[PDB]
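For reference, the chain that follows is the form deposited in one PDB entry, supplied as structure tokens.
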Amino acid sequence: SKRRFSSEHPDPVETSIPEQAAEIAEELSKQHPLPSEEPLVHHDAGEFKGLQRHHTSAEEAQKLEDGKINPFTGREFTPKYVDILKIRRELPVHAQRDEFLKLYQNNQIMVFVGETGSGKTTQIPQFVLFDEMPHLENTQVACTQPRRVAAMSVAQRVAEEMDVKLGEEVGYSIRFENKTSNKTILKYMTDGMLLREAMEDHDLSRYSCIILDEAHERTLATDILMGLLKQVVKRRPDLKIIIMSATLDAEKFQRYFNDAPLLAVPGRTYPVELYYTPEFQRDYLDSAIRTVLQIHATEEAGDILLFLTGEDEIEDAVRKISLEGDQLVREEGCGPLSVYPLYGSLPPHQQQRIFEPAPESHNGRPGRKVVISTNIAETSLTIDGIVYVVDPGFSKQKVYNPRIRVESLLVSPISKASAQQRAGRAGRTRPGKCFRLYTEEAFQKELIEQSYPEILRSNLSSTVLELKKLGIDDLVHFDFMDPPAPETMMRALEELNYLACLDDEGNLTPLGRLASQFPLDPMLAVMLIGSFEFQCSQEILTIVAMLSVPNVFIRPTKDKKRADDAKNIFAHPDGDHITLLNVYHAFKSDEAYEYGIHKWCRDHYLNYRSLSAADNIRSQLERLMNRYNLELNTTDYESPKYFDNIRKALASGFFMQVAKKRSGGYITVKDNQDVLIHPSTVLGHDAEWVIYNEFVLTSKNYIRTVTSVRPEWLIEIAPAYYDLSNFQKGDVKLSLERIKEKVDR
């Protein structure tokens, strides 16, 4: 039965200021509807006309590959393309090309498996390109990666293998980063971005083929896509699906996909000699740095791959190994050593540096390359020439606390499966070694078998809003390969209801529809959309962007005081959200430009990469707001309302993340949890009530990135949530009781 709404228990949708803005912006759009997406263009000079769709063979394709003229363009192949072509034809998948094609042609859905390095991601989409000829039938081919870096990098690679401009025929699409055009045939993308394209077009009519790659990682977006496409095939007989996975046990995938056929590529990997440590290593970084240097000194030629858990850690490791590395060249006469980082946030031109050849030695002692990388180097891509792996046995993983309902990112021990995959990378070129910084005992006993799929480790808030935009009604019976606890799904509906993205009946509100057009956490989108109603859109727009990137402040452990002093320039007391607005404003100042920008960031102890990212994110966000008719406005700084309005917008999205100061530490509105402010910030005596961006649990529980807020404002902005009937007795409800009555006449 329909829920009743009163002044005592209002409708969260009607009381949502963001909802108002959405309704306003929605109508502005109806005065000028948007044009339909720009069409695709291609080239036919008749190069393919000798080929018949879904009847093609490997030989028929070779002749075209071996022809003068690039069939997809009409221009002629470059001499480097021919060199590359010989190399890539030595990959294992090329032996099975006709076997693969025969399955592609006779089936809608198929499973593909092979060791990392078999040539799945780079080749198979090109195989499909020749048999499908999607540009002739006015379609594309999509290939999804769980990882940003894997998508961008491999797209750069395959563009060269097809001898085409990046962004023209071969292109890539990432969140806030897009290289594509009307010319694009083969599009490598993150599984998240394909999911978003599906939200706008449910049938994905632009793609005659969809390749879900690296399924074994079983990321949240991949699992959803598998669920969708399993339906789409019914509406679309003209669509073909390929599921690629690195694990040879795919039987579960076959059943889920309705007993689809399996193609397996046999392992070509060489033997890898495993080395363990005699006892537990408490500090693995120094253990790792030493192992690398040991190898470079004592071992025969070949390149080293080091697995670490994050950028700051990796950049720190690049520093030390570069330093001690240069010392051995000078002191001990070692061969030269090159050192490259790899992690998620890296720019593309920095990404591609890992493939550079090892330096040539003049000392008669081998020159070498060491790549310090995250789990990206586990299955997602391969670096030619790696004979040596160093495995500290840690990765940055998402954990979930269903009781508290909180997502945390923590460095934690890897699965046994991951350890095997890491070691396997040393045996590609020839026999090689893998040095594990744990004990053979720990590897068998302590490490777990496999990591649970992300769907089980996530809060489903964004997942739910995505599903509803896709037209899914019953979210419990949705076809997930591994269903989440239904309790988690029900919580997400509540939260999105309070955010006024959904009504009490579960239907999308105008806010929800608009919020889904932004690639942000629902809290961030709501905050951003309703921002102009609080007359600070320009400032909130900046703050969302800053929140979309890592902490920009650099605080070396030895240099702490100077770094803190540098930060207090931008620091706003009880303003951590406002601090973010200050650095970005400082970052874009004409003053920092004259100073020189990279030097400015370094001297002020700020990270240029993070701030550069935010700048791009902000631009991409501003573009969405102009498109969907969200007004850009700002209040004069001298105004008494200036900081109030920002705090109001912030509360509008984040009102469910709030804490009140203990009378007799802090208590959180939701769940009534005792917490402490993160040491990274101190608060004055005037902040009884604060909004926090982050819940951080290490032993004791912290809230980070905090900004004070007046509890009155909470009642005004979110009256449905702060309805006292929802609260249980405690310091929190009593205090709330008193703010209510004190509103008089």
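Numbers follow the displayed sequence, beginning with 1.
The next section is about a form of this same protein that is not shown, the form solved in complex with a partner chain.
A.B. asks: Given that its partner chain is left out here, which of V272, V583, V93, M481 has a heavy atom within 4.5 Å of it in the deposited complex?
C.D. replies: Only one listed residue qualifies here, and that residue is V272.
A.B. asks: Identify which of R147, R218, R97, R436 has a heavy atom within 4.5 Å of its partner chain in the deposited complex; exactly one of them does.
C.D. replies: Only one option qualifies, and that one is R436.
A.B. asks: When the contact criterion is heavy atoms within 4.5 Å, does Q294 count as touching its partner chain in the deposited complex?
C.D. replies: Although its partner chain is absent here, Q294 would touch it in the deposited complex, with heavy atoms inside 4.5 Å.
A.B. asks: Is there a heavy atom of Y276 no more than 4.5 Å from a heavy atom of its partner chain in the deposited complex?
C.D. replies: Looking in the deposited complex, residue contacts with its partner chain include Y276, since a heavy atom lies within 4.5 Å.
A.B. asks: Evaluate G267 for contact with its partner chain in the deposited complex, applying a 4.5 angstroms cut-off between non-hydrogen atoms, and reply yes or no.
C.D. replies: Yes, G267 is a contact residue.
A.B. asks: Can you check whether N107 is within 4.5 Å of its partner chain in the deposited complex, heavy atom basis?
C.D. replies: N107 lies outside the contact set for its partner chain.
A.B. asks: Just one stretch in 602-610, 192-200, 436-444, 491-499 has heavy atoms within 4.5 Å of its partner chain in the deposited complex, so which one is it?
C.D. replies: Looking at the partner contacts, the answer comes out as 436-444.
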